[PDB]
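Just below is one structure, and these are the notes that go with it.
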Amino acid sequence: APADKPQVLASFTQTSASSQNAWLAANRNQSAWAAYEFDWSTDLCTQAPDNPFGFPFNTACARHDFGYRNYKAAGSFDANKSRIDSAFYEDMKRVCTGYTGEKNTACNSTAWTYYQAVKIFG
Ligand SMILES: [Ca+2]
């Protein structure tokens, strides 16, 4: 791997919207990143808590799998887990931003439930 792989990896897994956006753009052109041999696989929100209202969290689950799979392969999952879990929560709250009134509250409550599940069983 290239010697700046750790920096790149860190840049795609911060909690901010610009880090989420940098990752989406790279996910869209995986081929430009082949030299880095990242694991791009994802099972979306499989094995997550129930989502009766259908809030669309698949993109957030995807970036969360990217942080877990790639930090485990780098041998530094324990030291970075909690950031990846928090970035997951921030991605989900950015989804909930498009709902208002009670729906926002319901979205936020499902997002917290997802966050807590990875925080505890991750
Ligand atoms: Ca997953």
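Cβ: placed from backbone, ideal geometry, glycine included. Neighbour counts: every protein chain shown. What follows draws every value from the coordinates through simple rules; no lab data is involved.
Annotations
- Contact order normalised by residue count of the chain, Cα under 8 Å, 6+ apart, percent: 27 percent
- Helix 77-96 and the longest principal axis of the Cα set of the chain meet at an angle near 40°.
- The range 55-94 and the range 13-33 have their alpha-carbon centroids 12 Å apart.
- Sorted by Cβ neighbour density within 10 Å, fewest at the top, the residues 43, 65, 50: 50, 43, 65
- In degrees, nearest ten, helix 101-121 long axis to first principal axis of the chain (Cα): 50 degrees
- Phi angles across the range 43-51 convert, under the Karplus curve 6.51 cos²θ - 1.76 cosθ + 1.60 with θ = phi - 60°, into 3J(HN,Hα) values of 9, 6, 8, 3, 6, 7, x, 4, 9 Hz, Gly and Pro given as x.
- Pairs of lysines in the chain whose Cα atoms sit within less than 26 Å of one another amount to 11, provided the residues are eight or more positions apart or on different chains.
- Inter-label distance, residue 22 to residue 106: 3.6 nm, where each label sits 7 Å from its Cα along the C-beta direction.
- Summing Cβ point charges (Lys, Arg +1; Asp, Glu -1) relative to the Cα centre of the chain gives a dipole of roughly 160 debye.
- log10 of Debye I(q)/I(0), alpha-carbon scatterers only, for the chain at 0.13, 0.19 Å⁻¹: -0.50, -1.02
- Under 15 Å, Cβ to Cβ, from residue 98 - net charge with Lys/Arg +1 and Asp/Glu -1: 0
- Fewest neighbouring Cβ atoms within 10 Å first, the residues 31, 82 line up as 31, 82.
- Here's the picture: charge each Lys and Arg Cβ at +1 and each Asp and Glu Cβ at -1 in the chain, and of 121, 80, 18 the one pushed furthest to the positive end of that dipole is 18.
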